[PDB]
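Engineer: Structure in structure tokens, see below.
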Protein chains: 2
Amino acid sequence: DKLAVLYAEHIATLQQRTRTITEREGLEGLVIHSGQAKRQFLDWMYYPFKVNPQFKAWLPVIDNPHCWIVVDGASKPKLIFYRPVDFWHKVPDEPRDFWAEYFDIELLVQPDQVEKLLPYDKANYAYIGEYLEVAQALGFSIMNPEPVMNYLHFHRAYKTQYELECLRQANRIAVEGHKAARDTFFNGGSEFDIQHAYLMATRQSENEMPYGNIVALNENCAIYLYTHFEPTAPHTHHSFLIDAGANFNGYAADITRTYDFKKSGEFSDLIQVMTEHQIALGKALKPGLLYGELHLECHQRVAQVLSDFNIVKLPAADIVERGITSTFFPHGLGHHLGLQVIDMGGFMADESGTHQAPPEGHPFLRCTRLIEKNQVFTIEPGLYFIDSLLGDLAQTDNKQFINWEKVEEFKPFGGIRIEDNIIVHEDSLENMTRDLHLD
Amino acid sequence: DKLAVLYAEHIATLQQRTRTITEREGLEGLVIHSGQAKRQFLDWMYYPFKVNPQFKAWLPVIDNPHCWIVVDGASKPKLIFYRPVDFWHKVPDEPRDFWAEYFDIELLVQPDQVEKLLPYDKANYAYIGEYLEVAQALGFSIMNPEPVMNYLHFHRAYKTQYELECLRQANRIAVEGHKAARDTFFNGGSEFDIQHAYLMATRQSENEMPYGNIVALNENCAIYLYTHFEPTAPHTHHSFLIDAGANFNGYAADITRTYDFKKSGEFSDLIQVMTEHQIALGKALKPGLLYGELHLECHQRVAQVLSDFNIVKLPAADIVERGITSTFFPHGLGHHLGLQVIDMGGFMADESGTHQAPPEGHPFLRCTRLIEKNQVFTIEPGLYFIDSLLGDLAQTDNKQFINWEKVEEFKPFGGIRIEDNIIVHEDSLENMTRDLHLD
Ligand SMILES: [Mn+2]
Ligand SMILES: [Mn+2]
Ligand SMILES: [Mn+2]
Ligand SMILES: [Mn+2]
């Protein structure tokens with residue numbers, strides 16, 4: 001009932017957004033398409049279904065293709081709901097979940113019979129969806145118009161209370177996964193074993209994960225978009241990095257933890273120092289600050305670690321100025337989190353979609369937007385021992401400053417990332433991840 | 001080693017097929033495209049990669065997009081092998097697996113630079129692949145020509161010794177899965193628990209499965225393409241149906257077993273009788289027989305069961321002649337098995353692609369082809385208590401013949417399917433599934 005009560009105000013906010021952008025762009029409405037199942041080439045099997053984010057923005061229906069929302073922000077939202085009646089599939093009930101009473105629902109038995117249920121004159125309706133050829137055949141001429149997409153993507157950064165509650169519930173599920181993964185690692189499990197313990201504890205299958213989990217042991221922790229799951233355990237367990245989430249009502253969690261098998265020695269100490277810096281970066285989110293400023297602070301803190309552990313034999317300020325931090329921390333500090341894992345509107349200065357420029361030394365940073373209340377962020381500093389980047393560094397005139405001996409002793413551990421999901425309020429920060437006592 | 005030796009004859013067979021069809025159609029060669037990763041709408045994540053079957057027909061490279069084979073059957077096969085060298089992904093070794101020596105290999109570092117490595121004049125090359133617009137942009141004009149696709153699909157039914165060994169290896173893995181699933185069911189597991197015990201015993205994740213596993217308890221056994229995995233166990237365990245396989249080198253297993261929780265009572269006796277029929281149907285595969293004749297025999301055997309268990313109050317022969325068996329056994333007896341789960345060429349009378357007509361009373365049967373040696377089949381009789389089909393039957397003048405009381409006592413158990421994978425040799429049958437002592 002809590003989530004159901006909050007949903008009423010979620011619909012009213014989405015109605016108000018729809019009314020504003022449709023009037024501004026001279027449209028009679030939006031037709032939002034959940035998507036279709038993609039058939040495999042020369043085959044009868046399908047790819048796993050992935051819902052249009054613009055569709056699930058309205059309601060937690062994420063496993064149903066051939067659904068359509070028709071909205072103008074004044075009349076009651078219309079939902080065309082795909083309900084086939086075949087003997088070979090489990091026929092679910094007509095929708096009676098909390099969200100049903102907010103839509104005029106019409107049942108669609110066959111995907112290609114949708115034309116009769118869509119507005120007769122489509123001149124002033126925008127199709128929002130992936131299937132441009134289907135839309136054209138149905139008589140749409142306006143498809144994913146940039147001013148509408150930019151407005152909706154801008155405003156997706158401001159979560160309704162419904163959305164924030166969904167994100168709390170996703171974090172709660174992911175944390176149960178993270179505990180089971182950790183325990184499997186300390187029991188000598190393989191990457192494959194750890195992944196499947198995570199899925200067992202979340203009660204979510206691989207394709208319900210909002211992204212492909214990263215489950216890395218030892219040197220694989222240095223590969224920051226590592227995707228495989230080694231079925232056989234390494235002879236020696238040194239380190240473990242898991243980046244994994246969960247789904248709730250289409251909303252993602254995105255949590256990363258790094259562990260040391262021995263729970264002592266230098267790599268264990270490196271995790272603890274990065275954890276102190278990651279907590280402080282999470283507490284520096286503040287309304288009225290550009291996110292790019294926290295990315296700069298992160299480079300400063302990584303330099304402090306490199307200096308303090310005698311990995312680079314220079315004061316922190318010199319490590320930053322000579323660019324060396326980028327070899328050890330080569331990605332962004334984090335991003336917006338919501339319906340999508342790397343959420344929309346993180347690069348925008350305004351509703352029309354103008355980009356907020358990244359900070360001077362970091363031209364590739366894509367999360368640059370002014371922090372405000374009701375926004376949700378990842379904070380995910382990292383420090384890695386990456387062969388190709390350490391190779392490039394060994395060919396610069398900074399090479400004498402690098403403690404190559406000590407870098408060699410860290411390579412078997414791979415690296416470190418620590419990631420939390422944080423809601424910014426007007427006068428406080430809610431660390432959803434650390435409020436759940438994962439550690 | 002054994003597989004490596006057999007692969008030489010596999011390449012020679014594929015070279016000879018390529019030479020025959022390219023010369024017959026006046027082509028200089030085939031260009032066979034492994035495929036591409038599909039990006040999710042408005043997102044940076046990808047769908048799981050699914051290799052072009054025509055690509056993996058040549059070599060066990062199933063996880064690598066942007067690869068191309070150029071073959072004419074008269075020179076050494078050419079492989080363009082996609083090898084990105086990015087710091088964020090695992091850089092694999094240049095190919096040195098058993099298959100590498102059989103191709104002239106050129107490494108491709110960036111997908112869009114392939115045009116340099118393909119034949120300059122493409123007029124007489126056929127593109128085999130899904131990406132028609134990419135092929136057109138590269139200068140191809142012949143794409144998936146029907147005579148080439150029908151010829152290769154026709155000959156896919158004749159497995160080389162390499163292919164048969166790959167299929168044995170897949171069955172061996174799947175059988176380990178099946179034993180863990182069975183044991184989890186008898187311990188009171190949920191559908192979700194059973195699925196994840198299957199994945200843990202096969203060491204294969206959900207997306208490496210050659211199809212979506214069916215893991216069904218109780219009434220869900222009646223839903224023959226049931227897809228969900230209930231995370232909570234039912235209050236009472238009655239029955240369990242698992243249809244699941246495994247991958248080896250791109251070759252599928254496809255095994256189904258049905259279990260009774262009590263291991264006694266009428267449903268248990270129904271499994272034993274269906275088991276007798278399934279073994280007999282598996283032993284009736286014979287070179288020179290039309291597969292449709294086994295489908296007819298299956299209907300006769302199911303009718304014997306429906307009569308003998310007093311489910312239909314008619315002699316067996318009358319149940320077959322009035323089409324009543326179709327309400328309880330509504331699908332095909334089985335299909336070819338290979339690189340694809342429902343393998344190619346099952347419907348064909350000859351290499352031009354003419355259809356072998358189904359038996360008169362079974363117009364929807366799609367596995368109709370003359371059985372010959374070196375072909376691989378599924379045999380999968382079933383008997384189900386399906387609400388919507390029993391609903392339809394209750395509205396015909398066959399209603400009076402159905403023991404509705406007895407049907408009611410079976411509904412909680414859902415239904416039965418027993419499936420083996422069988423190689424047909426000149427002089428014998430090799431039941432891969434039962435040679436592995438699954439039961
Ligand atoms: Mn993240
Ligand atoms: Mn992450
Ligand atoms: Mn089958
Ligand atoms: Mn099957």
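Residues are referred to by chain and number: the chain letter is A, B, ... according to the order shown in the structure tokens, the number counts from 1 in that chain, and ligands are numbered separately from 1 in the order shown.
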Fewer than 5 positions away in the same chain doesn't count, so skip those; otherwise give me all residues within 6 Å of region 394-411 of chain B, counting only C-alpha atoms, as a ChimeraX atom specification.

Structural biologist: /B:311-313,385

Engineer: Residues contacting ligand 2 - anything with an atom at most 12 Å away, using only C-alpha atoms and all ligand atoms - can you give me those as a ChimeraX atom specification?

Structural biologist: /A:174,209-215,224-226,241-246,252-258,331-337,340-342,377-382,417-421

Engineer: Could you dump the residues just selected with N, CA and C atoms as a compact mmCIF listing (two decimals), in the first residue's frame?

Structural biologist:
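The resulting selection_5.txt:
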# COMPACT_ATOMS: atom_id res chain seq x y z
N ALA A 174 19.46 -6.05 -3.89
CA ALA A 174 20.85 -6.19 -4.34
C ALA A 174 21.77 -6.49 -3.15
N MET A 209 18.62 -9.13 -14.13
CA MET A 209 19.62 -8.15 -13.65
C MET A 209 19.55 -6.91 -14.54
N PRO A 210 19.62 -5.68 -14.00
CA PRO A 210 19.53 -4.48 -14.85
C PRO A 210 20.77 -4.24 -15.72
N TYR A 211 21.84 -4.97 -15.44
CA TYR A 211 23.05 -5.00 -16.30
C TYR A 211 23.75 -6.33 -16.06
N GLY A 212 24.69 -6.66 -16.94
CA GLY A 212 25.51 -7.88 -16.81
C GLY A 212 26.43 -7.71 -15.62
N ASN A 213 26.25 -8.52 -14.58
CA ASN A 213 27.03 -8.42 -13.33
C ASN A 213 28.52 -8.57 -13.65
N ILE A 214 29.35 -7.85 -12.93
CA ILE A 214 30.82 -8.04 -12.95
C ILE A 214 31.18 -8.82 -11.70
N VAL A 215 31.67 -10.02 -11.91
CA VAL A 215 32.14 -10.91 -10.83
C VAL A 215 33.55 -11.33 -11.21
N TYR A 224 37.68 -3.48 -15.96
CA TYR A 224 36.57 -2.78 -15.26
C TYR A 224 35.22 -3.03 -15.97
N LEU A 225 35.22 -3.54 -17.21
CA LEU A 225 33.98 -4.05 -17.87
C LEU A 225 34.13 -5.55 -18.21
N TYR A 226 34.87 -6.30 -17.38
CA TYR A 226 34.98 -7.79 -17.38
C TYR A 226 33.58 -8.40 -17.38
N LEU A 241 35.98 -8.55 -6.68
CA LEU A 241 35.26 -7.32 -7.03
C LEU A 241 33.96 -7.77 -7.64
N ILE A 242 32.88 -7.32 -7.04
CA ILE A 242 31.55 -7.58 -7.60
C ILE A 242 30.84 -6.24 -7.80
N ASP A 243 30.37 -6.07 -9.02
CA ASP A 243 29.49 -4.96 -9.39
C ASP A 243 28.19 -5.57 -9.88
N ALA A 244 27.15 -5.43 -9.08
CA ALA A 244 25.86 -6.08 -9.37
C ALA A 244 24.72 -5.34 -8.71
N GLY A 245 23.57 -5.45 -9.33
CA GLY A 245 22.37 -4.75 -8.89
C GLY A 245 21.20 -5.69 -8.72
N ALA A 246 20.05 -5.14 -9.01
CA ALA A 246 18.75 -5.80 -8.96
C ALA A 246 17.73 -4.85 -9.57
N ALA A 252 16.66 0.35 -11.01
CA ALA A 252 17.92 -0.40 -10.82
C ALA A 252 18.62 0.01 -9.52
N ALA A 253 19.29 -0.97 -8.95
CA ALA A 253 20.41 -0.78 -8.02
C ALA A 253 21.69 -1.03 -8.80
N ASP A 254 22.79 -0.53 -8.26
CA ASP A 254 24.11 -0.61 -8.90
C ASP A 254 25.17 -0.50 -7.82
N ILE A 255 25.56 -1.64 -7.26
CA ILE A 255 26.45 -1.67 -6.06
C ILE A 255 27.75 -2.40 -6.39
N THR A 256 28.86 -1.83 -5.95
CA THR A 256 30.18 -2.46 -6.13
C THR A 256 30.86 -2.55 -4.78
N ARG A 257 31.47 -3.71 -4.54
CA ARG A 257 32.30 -3.94 -3.34
C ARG A 257 33.54 -4.71 -3.77
N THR A 258 34.63 -4.45 -3.07
CA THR A 258 35.91 -5.15 -3.28
C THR A 258 36.34 -5.77 -1.96
N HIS A 331 38.04 5.98 -15.37
CA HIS A 331 36.60 6.19 -15.70
C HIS A 331 36.00 7.34 -14.88
N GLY A 332 34.73 7.65 -15.14
CA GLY A 332 33.96 8.66 -14.39
C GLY A 332 33.66 8.23 -12.95
N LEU A 333 33.50 9.21 -12.05
CA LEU A 333 33.19 8.99 -10.62
C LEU A 333 31.83 8.30 -10.46
N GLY A 334 30.91 8.55 -11.38
CA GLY A 334 29.60 7.90 -11.36
C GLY A 334 28.61 8.60 -12.24
N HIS A 335 27.33 8.37 -11.99
CA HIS A 335 26.25 8.84 -12.88
C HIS A 335 24.94 8.88 -12.10
N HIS A 336 23.93 9.44 -12.74
CA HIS A 336 22.53 9.27 -12.32
C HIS A 336 22.12 7.80 -12.40
N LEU A 337 21.17 7.45 -11.56
CA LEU A 337 20.64 6.08 -11.41
C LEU A 337 19.12 6.18 -11.38
N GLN A 340 17.05 3.50 -15.80
CA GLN A 340 18.22 2.99 -16.51
C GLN A 340 19.40 3.13 -15.54
N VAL A 341 20.36 2.25 -15.71
CA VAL A 341 21.48 2.10 -14.75
C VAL A 341 22.38 3.34 -14.87
N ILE A 342 22.71 3.72 -16.10
CA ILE A 342 23.33 5.03 -16.40
C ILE A 342 22.17 5.89 -16.85
N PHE A 377 22.28 9.27 -7.37
CA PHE A 377 23.65 9.14 -7.91
C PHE A 377 24.33 7.85 -7.48
N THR A 378 25.25 7.43 -8.33
CA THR A 378 26.30 6.48 -7.97
C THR A 378 27.52 7.32 -7.65
N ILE A 379 28.29 6.81 -6.70
CA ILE A 379 29.63 7.31 -6.31
C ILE A 379 30.53 6.08 -6.32
N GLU A 380 31.49 6.06 -7.24
CA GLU A 380 32.21 4.80 -7.50
C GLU A 380 33.64 5.06 -7.90
N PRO A 381 34.45 5.61 -6.97
CA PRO A 381 35.88 5.73 -7.19
C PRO A 381 36.48 4.32 -7.35
N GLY A 382 37.58 4.26 -8.09
CA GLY A 382 38.34 3.03 -8.34
C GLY A 382 39.84 3.30 -8.40
N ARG A 417 37.04 -1.15 -6.70
CA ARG A 417 35.98 -0.14 -6.85
C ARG A 417 34.98 -0.34 -5.72
N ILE A 418 34.47 0.79 -5.23
CA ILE A 418 33.47 0.83 -4.14
C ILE A 418 32.36 1.76 -4.56
N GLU A 419 31.16 1.21 -4.66
CA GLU A 419 30.06 1.98 -5.24
C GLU A 419 28.82 1.93 -4.36
N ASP A 420 28.30 3.11 -4.06
CA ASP A 420 27.04 3.33 -3.32
C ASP A 420 26.04 4.03 -4.22
N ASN A 421 24.78 3.95 -3.82
CA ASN A 421 23.66 4.64 -4.49
C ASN A 421 23.05 5.60 -3.47

Engineer: Within 7 Å of chain A, which residues of chain B are there when counting only C-alpha atoms? Please give them as a PDB file with N, CA and C atoms, in the first residue's frame.

Structural biologist:
ATOM      1  N   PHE B  41      17.549  -0.080 -26.864  1.00  0.00           N
ATOM      2  CA  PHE B  41      16.942   1.228 -27.170  1.00  0.00           C
ATOM      3  C   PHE B  41      17.230   2.209 -26.036  1.00  0.00           C
ATOM      4  N   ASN B  52      25.299 -16.175 -35.764  1.00  0.00           N
ATOM      5  CA  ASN B  52      24.738 -16.703 -37.029  1.00  0.00           C
ATOM      6  C   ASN B  52      25.014 -18.205 -37.089  1.00  0.00           C
ATOM      7  N   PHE B  87      41.475  -1.555 -23.011  1.00  0.00           N
ATOM      8  CA  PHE B  87      41.979  -1.843 -21.644  1.00  0.00           C
ATOM      9  C   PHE B  87      40.827  -2.357 -20.763  1.00  0.00           C
ATOM     10  N   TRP B  88      39.597  -1.939 -21.081  1.00  0.00           N
ATOM     11  CA  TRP B  88      38.368  -2.202 -20.272  1.00  0.00           C
ATOM     12  C   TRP B  88      37.828  -3.629 -20.483  1.00  0.00           C
ATOM     13  N   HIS B  89      38.311  -4.346 -21.511  1.00  0.00           N
ATOM     14  CA  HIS B  89      37.878  -5.741 -21.809  1.00  0.00           C
ATOM     15  C   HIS B  89      39.082  -6.682 -21.772  1.00  0.00           C
ATOM     16  N   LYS B  90      38.808  -7.965 -21.527  1.00  0.00           N
ATOM     17  CA  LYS B  90      39.839  -9.028 -21.555  1.00  0.00           C
ATOM     18  C   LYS B  90      40.320  -9.173 -22.999  1.00  0.00           C
ATOM     19  N   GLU B 130      22.642 -11.605 -41.247  1.00  0.00           N
ATOM     20  CA  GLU B 130      21.367 -10.984 -40.819  1.00  0.00           C
ATOM     21  C   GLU B 130      21.405  -9.502 -41.220  1.00  0.00           C
ATOM     22  N   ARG B 203      27.554 -25.910 -15.226  1.00  0.00           N
ATOM     23  CA  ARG B 203      28.568 -24.815 -15.286  1.00  0.00           C
ATOM     24  C   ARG B 203      28.280 -23.910 -16.485  1.00  0.00           C
ATOM     25  N   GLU B 206      22.471 -18.952 -17.835  1.00  0.00           N
ATOM     26  CA  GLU B 206      21.170 -18.894 -18.546  1.00  0.00           C
ATOM     27  C   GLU B 206      21.364 -18.585 -20.036  1.00  0.00           C
ATOM     28  N   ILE B 223       1.620 -26.657 -19.174  1.00  0.00           N
ATOM     29  CA  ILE B 223       1.911 -25.481 -20.036  1.00  0.00           C
ATOM     30  C   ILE B 223       3.213 -25.766 -20.779  1.00  0.00           C
ATOM     31  N   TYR B 224       3.139 -26.227 -22.033  1.00  0.00           N
ATOM     32  CA  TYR B 224       4.270 -26.980 -22.641  1.00  0.00           C
ATOM     33  C   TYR B 224       5.355 -26.003 -23.121  1.00  0.00           C
ATOM     34  N   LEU B 225       5.066 -24.696 -23.257  1.00  0.00           N
ATOM     35  CA  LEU B 225       6.121 -23.646 -23.445  1.00  0.00           C
ATOM     36  C   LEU B 225       6.128 -22.642 -22.271  1.00  0.00           C
ATOM     37  N   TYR B 226       5.806 -23.118 -21.063  1.00  0.00           N
ATOM     38  CA  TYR B 226       5.970 -22.407 -19.761  1.00  0.00           C
ATOM     39  C   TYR B 226       7.388 -21.849 -19.660  1.00  0.00           C
ATOM     40  N   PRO B 231       9.861 -18.358  -7.741  1.00  0.00           N
ATOM     41  CA  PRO B 231      10.846 -18.377  -6.658  1.00  0.00           C
ATOM     42  C   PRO B 231      10.397 -19.071  -5.369  1.00  0.00           C
ATOM     43  N   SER B 388      -7.376 -25.179 -21.680  1.00  0.00           N
ATOM     44  CA  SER B 388      -8.025 -24.522 -22.840  1.00  0.00           C
ATOM     45  C   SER B 388      -8.359 -25.583 -23.878  1.00  0.00           C
ATOM     46  N   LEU B 389      -7.509 -26.597 -24.053  1.00  0.00           N
ATOM     47  CA  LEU B 389      -7.807 -27.680 -25.027  1.00  0.00           C
ATOM     48  C   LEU B 389      -8.916 -28.587 -24.495  1.00  0.00           C
TER      49      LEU B 389
END

Engineer: I'd like to know which residues of region 229-410 of chain B are strand (DSSP E) (by DSSP, run on the backbone); could you write them as a list in words?

Structural biologist: residues 239, 240, 241, 242, 243, 244, 245, 246, 247, 248, 251, 252, 253, 254, 255, 256, 257, 258, 259, 260, 375, 376, 377, 378, 379, 382, 383 and 384 of chain B

Engineer: Please identify which residues in region 280-384 of chain A DSSP calls helix (DSSP H, G or I) from the backbone, and express them as an NGL selection string.

Structural biologist: :A and (280-282 or 291-308 or 316-321 or 325-328)
